[PDB]
C-alpha cells in the first residue's frame, strides 16, 4: 500500500511538474525509471529540478500564505547529501546566513534527506531556526511563552538560557540512530535582530523591544511526489503584522499592548477608547519603520495583500486553480482594508505542500 501511495503521488507530481517545466515528453521515461526504482528500493530520488520545482510548488500551494506571489523565486538548497550532525548544523548556519543576506532577505529552503520508511534521517526540534526562549517559573514569565516547552526540553539537554526576554534558542535536532537531539548555540553574528523604535515617538525605545530579522519555519514537512522531507526549513521575510500584531501584541506571547499604550501616552482603561487598536497601529508602525531603518526586508500587510492579488491574477492567467485559507490570509489588523477580506477562497489541499508534523518534544 505505502508503495502504491508513493507511486500515485509520484505519477501526479511528475506529470504536473514536467508539464510546468515544459518537459512533458520526458514524463513517460522518468515515470518508468521511478516505477522501477520504487519496485527495487521502496522509494525514489528526486532530480534537482524536480526537487527545486517541488519546493516552489509547495509554497505556491500553501493556502495560508499571503506571500506566494514570489513562489517561483524560492532559493532551494539541496542538502540531501548530509549524513552528520556537523553537516546539518553547518547547513542550518548557512541557511540563516544566505537567507538573511545582510538584511536583504532571500526566501530560501534547505532540504535535508527525506524520511525513508517513515524513519526520519534528521529531526529538527526548533519551530523556527531563530526564536526566543520562554520561561515560566512560579508566576514569573520571561521571554516568549510560545517557546516554553521547547525551552524546557533544551534545558533538559544541558543548555541554559540567560533568562532575558530575548534568549536565542539553540538549534536542536536529532539524527537517525541517536536517542537524544544535539543542540548548538546560534552564532550571534549570523542572527540579525531589529530594535523596535517608533518614527515619531521617542519614548517607544523605553520598551526595549526587538525581534529577529528572519522567520525560518523549521518544523514542517515538505511533501513532494510522495516523498516526505520532514526536515526542510524555509524562510521568507516578515509581514509586519506577524511581529506587531501577534508576536509582540498577543496576550499569550509578549503581550506588550498596555506598555505600548503607556509610552504612546494613551489610557488603557476603556474598551470604547480602542486603546488596544490604537496601540496595535503604533506598534505595527514601529515594527515596519524599525525593519526599514535597519535595512531588513519586511512587507506591510497592505502591500502584501496587493502582491497576493497579483498572485491570484497570475494563477488565473496560468489557468491554475487558486487555493487559500481566508482565515490566515486576512491580516490580523485592518483585514477589511484588504481585498482578501471581501472574497472567498477554496481551502482545498493541493500537493506538493508543507504540512504540520508531530513535535518530538512535549
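Numbering follows the first chain given and starts at 1.
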* If you average the CA temperature factors over each stretch, which comes out higher, 126-134 or 192-200? -> 192-200
* **Of 254-262 and 174-182, the one with larger mean CA B-factor** => 174-182
* Structure fact -> Of the residues 51, 298, 330, 318, the one whose Cα carries the largest B-factor in the deposited record is 318
* Residue with highest C-alpha B-factor in the PDB entry, from 83, 79, 106, 276 -> 83
* Rank-wise, by C-alpha B-factor, drop residue 41 into the lowest, middle or highest third of its chain. => highest
* **Entry-reported Cα temperature factor of residue 121, expressed as the chain third it lands in** => highest
* Third of the chain, ranked by Cα B-factor, where residue 227 sits -> highest
* To do: Sorting the chain's modelled residues by C-alpha B-factor, tell me whether residue 213 ends up in the lowest, middle or highest third.
  => lowest
* Asked: Which third of the chain does residue 240 land in by C-alpha B-factor: lowest, middle or highest?
  -> lowest
